[PDB]
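This document opens with one chain alone, in structure tokens, the form deposited in one PDB entry.
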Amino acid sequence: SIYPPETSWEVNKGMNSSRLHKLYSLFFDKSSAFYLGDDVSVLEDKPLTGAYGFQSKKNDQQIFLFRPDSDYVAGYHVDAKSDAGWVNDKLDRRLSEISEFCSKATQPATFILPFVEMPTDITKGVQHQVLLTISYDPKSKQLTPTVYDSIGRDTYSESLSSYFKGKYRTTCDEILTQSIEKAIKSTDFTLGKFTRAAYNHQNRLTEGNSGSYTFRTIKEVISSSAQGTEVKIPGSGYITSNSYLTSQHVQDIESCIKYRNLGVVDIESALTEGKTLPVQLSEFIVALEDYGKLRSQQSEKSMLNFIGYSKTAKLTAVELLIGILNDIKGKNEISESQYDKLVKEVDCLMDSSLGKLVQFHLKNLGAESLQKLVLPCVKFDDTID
């Protein structure tokens, strides 16, 4: 399995299982706002199945972060006459193996599991990302759950009354704390209080940022517990939610998903080996192919009016560009005949969405533009000249 470049995606279009795991690569990229590599270093055993173990440099507290399997889902019933919900039979599995990990646990730990949660009764889809934080102290024999919600605090222009919070549930805490209470039934841990952190003030029925926020909130909990800081989010030690999830936090997310291509092998190794996966050239070539296929399907991006570039105009360019870099990647020259063709298309390749794709790779291939990139490989020998 591979995570391809999705040239269309933007932070509004939603966050799923796979994409979330791609962003796991940014933790150890130093050029990205999500860098954890000062805070923690990977833990040698990975004792926890389906999770990434880390040692905190400052704290020497262990923190384990679950790779997204979605298939980690908690439905709730919004009608309060009915069941509290279900937890998906794997998310209950992992809850129990967390309990079982802490049976053996020498040093304090914090467990970071991203998941989705949904109303079952509502006919609408309404699929909404959150993040569950389970912290365990070996001296207390206590596990305190928390879950961090982007939709967050209720406006009191819209707020369920203490009567109707009896007839309706806004959220899944009921079913989830049964499952966590049920997971530790066996052992001698007392369960601390289940707390829900609501942040980002007011959001929708549900919205698609709620994942990109959740992924950020992964970064702040892993830093906070690594150092010994209390975890801060919007409304507590943060002001509005564009200082928390900043204009940079969004650039590296959207770019890693849009222009980037990764085997799942590589993010296992990037998280296991503490390293960073440097952008290679093949990624560029596939990200142009997946612009070429997507654009060929009639694209409404700047289509209607003031069109300077047609679809055939762009596609002719993406194909020629690609043709170059394949030759360069077979470690070949470029006839000046082809460098000729290219520099005529170079105004097209930098236009609108194509541009930031070509922009993304040229900064990450080190070259200042296409020429300074392709030029060192061109062959004029010996005419003309």
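Throughout, we count residues from 1 along the sequence that is shown. Think of the rigid core as the biggest set of C-alphas that the two forms share within 1.5 Å after superposition.
Mean C-alpha B-factor is higher over 264-272 than over the other stretch, the pair under comparison being 176-184 and 264-272.
Note on 40-48 vs 60-68: mean CA B-factor is higher in 40-48. Residue set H77, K90, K141, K104: peak C-alpha B-factor at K141 (per PDB entry). If you compare the C-alpha temperature factors of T240, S296, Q129, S96 in the entry, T240 comes out highest. Ranked within its chain, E207 lands in the highest third, by CA B factor from the PDB record. When the modelled residues of the chain are ordered by their C-alpha B factor, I328 lands in the middle third. Ranked by C-alpha B-factor against the other modelled residues of its chain, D83 falls in the middle third.
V279: CA B factor lies in the middle third for its chain, per the PDB record. Per the PDB record, residue ranking by Cα B-factor puts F27 in the lowest third of the chain.
The discussion below concerns the form deposited in another entry, not included here.
No residue in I334, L48, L354, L342 other than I334 shows a CA shift of 2 angstroms or more between the shown form and the other one after fitting the rigid core.
Relative to the superposed rigid core, the position of the CA of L205 differs between the shown form and the other one by 2 Å or more.
Between this form and the other one, the CA-CA gap for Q178 and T206 widens by 3 Å or more, being larger in the other entry. Compared with the form shown here, the C-alpha atoms of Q178 and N203 sit at least 3 Å farther apart in the other entry.
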